[PDB]
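In the structure tokens that follow, a single protein chain appears in two forms: structure 1, then structure 2.
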Structure 1
């Protein structure tokens, strides 16, 4: 990556070559696009797995769900020209990007209509609401990989291919990481986790435009030695880096945080109108609670047992959510909105 960068740092201007890590989160990206493999290998793979017992597909990333939505119509068109009783319904992503337990095998004996590359009583659901009629245990998940990159001056195309097997790790050709002086970052196309040093290395900010469920690869992780799974601020189950930069003093793993929102902004401070004090009389931690009740009134007094100021705070479209360790004082938890993540 040959180029120049005006590092703010008060001053300083340096140009050269190396690796430059960009945030695609705080740009409202329209420059990255997923291009599928083939209209006949994919339709054949979907049809082949339906007879095996596969119910549908669960997307791994927010960028993959966009791809499934734009190619669904031709996916049904291919399955209709061959006289196949199957319809593909593409839903939208609401909440966590849940994981399935199956995969799509590379098709054999596929269809040859005219090319090779880009309402019936039998449905093939893709994403959408969670339903017990078509459970997640029969849904394909994490069966695609990155092939190359493209151009266009307005968007960059990403070409896909089937995975060689079944894996629980996120695709590494989309992630980054960088440390320099006293600032680290663990980047992604939906994650942007920042850390810094003030007498200690601990997490500083995070912007999640999605909540995944795969595992962060340890080849793209800084300081991944001597890591305890119960200290990871962003849990391992939500693609949190297995690093010691993913840590904050006085806070354990946030397993029952407000991950159901989808988009999140993790930062450390006080929600407007609220006060947090450190007391020994506070009860143990639990599900994260919103600062405003369902009625609408705002809870003002909060307390934690052994946290560290400023308090951990989650910000979404719903409102302001506190950490697991911070508990209400002026209102009973029973009359409060709590995280819907089922432990």
Structure 2
């Protein structure tokens, strides 16, 4: 990568050759697009998979559900060409991109809700692999292929990680986790356009030694890096965080029109709650036992949430908005 870039402070301009890790969540251009292996090959894979007894697939990335929705009509036309008694529908997914326990062997509900006629316990998932990139400036494709065997680790050809001076980052096409040092290394921001379930490979992780699986702010089950940069002092793993929203924004600030204070006689740690009631009233009193300020805050689409270690003070959690993931 040969080019120039101004520093974060904006007082120097440096040119040379190296590795340039670019934010792909804020693309500055058109979003990437996946390309299938072959039109007929995917049809044969679907045929022999449904012969093997699978009722569809689950998308691992939000850039693959788009491809499936694009090519479902052509695939169904190819199916009807051979007189096959099978139908494929490309649904939509909002929230966590749930994990399927099956795969797609090389040579039928796609995505959608938690249908009881096709449980996730036998639906294919995480069977693609990048093999080429291409060219272009305002638009670039991605050519995908099949995976040879079982793997629950996210594809590493779309990921990145870098550190320089006092600022690290763990980036892929749907995640952007930022870290910085102010007397200690801790996470400061995290922009999530999707919620995955595959594992972050340890070959693309900084500071991967001596990490407890309970200290990671982003849980290991939600493609959180196995790093000590994925850590905030005074908090624990947000297993029951508002991960059902889909798009999230992890920030350490204050939700508008609300105050948080530190009290020793506070409630314990449990499911996360929203700063608004079931009807639309605003709660303005919260407290934590041992948290550090500013408090953890998930800026969702429907409102503004807090972490698992923060509890309301002028409201009762019996009648509030509470996270729906393993409550």
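Positions refer to the first chain, counted from 1. Residues that one form lacks are left out of the comparison. Basically, rigid core = biggest C-alpha set you can superpose within 1.5 Å across the two forms.
Core superposition between structure 1 and structure 2 leaves every listed residue (65, 292, 29, 38) with a C-alpha shift below 2 angstroms except 29. Superposition on the rigid core between structure 1 and structure 2 places the CA atom of residue 228 less than 2 Å from its counterpart. Core-aligned CA deviation for residue 165 between structure 1 and structure 2: less than 2 Å. If you overlay the core, the Cα of residue 335 moves by 1.1 Å between structure 1 and structure 2.
After superposing on the rigid core, the C-alpha of residue 154 is displaced by 2.8 Å between structure 1 and structure 2. Note on residue 267: its Cα is shifted 0.3 Å between structure 1 and structure 2, core used for superposition. When the two forms are fitted on their rigid core, the residues between structure 1 and structure 2 that move as runs of three or more, each C-alpha shifted by 2 Å or more, fall in 26-31, 151-154.
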